[PDB]
Structure formats: C-alpha cells, structure tokens
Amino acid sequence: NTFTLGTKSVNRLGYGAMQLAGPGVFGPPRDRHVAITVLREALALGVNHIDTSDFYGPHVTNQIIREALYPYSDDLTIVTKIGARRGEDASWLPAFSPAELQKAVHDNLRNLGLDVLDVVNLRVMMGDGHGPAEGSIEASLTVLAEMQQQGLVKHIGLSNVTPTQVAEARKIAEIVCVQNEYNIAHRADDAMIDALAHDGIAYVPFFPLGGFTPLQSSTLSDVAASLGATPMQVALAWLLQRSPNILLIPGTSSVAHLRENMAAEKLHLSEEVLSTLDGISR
C-alpha cells in the first residue's frame, strides 16, 4: 500500500535505478532503450518512488531518468544520495567535504532537470569495512542542512547508518528515511525499523536477495515453489508485511522482472510461511 515520505505519499513498491548503468554501476547501461522502457513501464505500473544517485555510472543514470520521464508527474518522488564519488576505475570513494556535497547536490539538479530535490540521502562511510560504523556525521549533515535552508533540498535522509548516528543526526535536522542493508537473512536492524516506524520515519532495505547461504537460499526457494511465486517476489512480500514504514526499491534492467517485482504486492504470506521465513536468519 502507501506511506507518507516527507509530505508526499508513495507506493511502497518503488524502483531502484542502480541497474540502469554499466557493470559496477559504471558507464552507460547495456541498452539505453531498454532502460528508458523500464522507467516508463514502472510509472505505468504505479511506481511513484524512484531511488537514484548521480554517482551511478557517473551522471548517466540521472540523465536517462530525465530523458525517459521529464516532465515528471507531481505524484513522483525522486530520492537521490550523496557522500561518495566514483574513481575512473569504477571505484567508490568518500566525497563529503562541503565543496563535494554542494557539487553533488547541483549535479543532481542539472542531470535530473529539477529546481529542488525531494529527498537527499546522506550516505555514510566509516572505517575500512563497508557497512554501518560509529563516528560523528555532524559536519556533513550541517552542509545538507544549509542547502535545505537555501531551498535546494526539501528533505534529508540517511544511508548506511548505525542507530547512534541516526540519533545524532535527528538533533541537527529532520530525517525522513533511513536506507540500510537488510533482508530476510540480515535482520540486525530489526529494532531500529520498529523504532523508526513509531516516529513515522521510513526504512529502505537494500540487497533484498543478497548474501544467502545455500540452506537459506533453498528454504526461500521451497517457500516460493509452494506459493507459485519467485524467490524475489517472496523476498519483497516479506519486506512489505514486516513493517508499514518499509519502502522497497528493487532495481532491474529487465521489463519482465519489473512486472514480476510489482506482482509481489498480490502475494499474501500465511503465518506458517512467515514462521519458516523468520527462521531463515535463526
């Protein structure tokens, strides 16, 4: 169904735009035409939330969204993210000096052809690992805060953050969404999802099917089979019923998968099936 993200209601089945680019989200996509077709069909299918970034393929993913969908329905929310830059070797690097965050915000503005960004995710990176790690984010957020006052950005969100960081952030500005790694097999954020929900802040999982062990994978497959669904559909449907503040942004460069992902809304998970799925992580 729906969720109010900032001041705009969004269909909880949205679209991640990260597959509309070359391998490693770098360079142009396989086929620009199919990318355009996928975006247009998504809208036609009821998508009104698109997740993107200007460091996808540097810039080209945003330009495709523009070529395909400008001028945008005013029902449409485009969410983008800043905080990283791309090496010319496809590498992802820290990019959170005021100059870089300001340039990133304007890059988005130009490539999407917008006058203001709906939602900007600040994407955190601490330590030498990849995921959530402790450290103050005040400096970056203050910069995003100022561009909000200037009217370049309506709403601020967070990406790849620990519960403490969210807590530090929410004293500097309003946070409308948190975007973290989370799926059936990786449920460390469970507590935060419920707490966010109670404050009306959305939570946005990525890797819906990522990093499953064979046993984890075969269980999901078993469940799909018995339901006449695909594993992807089961994964999305589980996310949908897990909490009402959860927004899905599955990415795909294929129209068939798009329609299939969107069909996941029709799938209804019995208690016995949820029992099996909740045990995948345990």
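A residue's number is simply how far along the shown sequence it sits, counting from 1.
Relative to its counterpart among 14-22 and 269-277, 269-277 has the higher mean temperature factor, C-alpha atoms as listed in the PDB entry. Of the two segments, 116-124 and 80-88, the one listed with the higher mean B-factor is 80-88 (C-alpha atoms only). Taking the PDB entry at face value, the top CA B factor among 211, 208, 200, 157 belongs to 208.
As recorded in the entry, 27 carries the highest CA temperature factor of 231, 244, 27, 250. Per-chain ranking of the deposited C-alpha B factor places residue 110 in the lowest third. The PDB entry assigns residue 171 a C-alpha temperature factor belonging to the highest third of its chain's modelled residues. When the CA B factors of the chain's modelled residues are split into thirds, the value for residue 194 lands in the lowest one. The deposited CA B-factor of residue 67 belongs to the middle third of values across its chain. When all modelled residues of the chain are sorted by CA temperature factor, residue 256 is found within the middle third.
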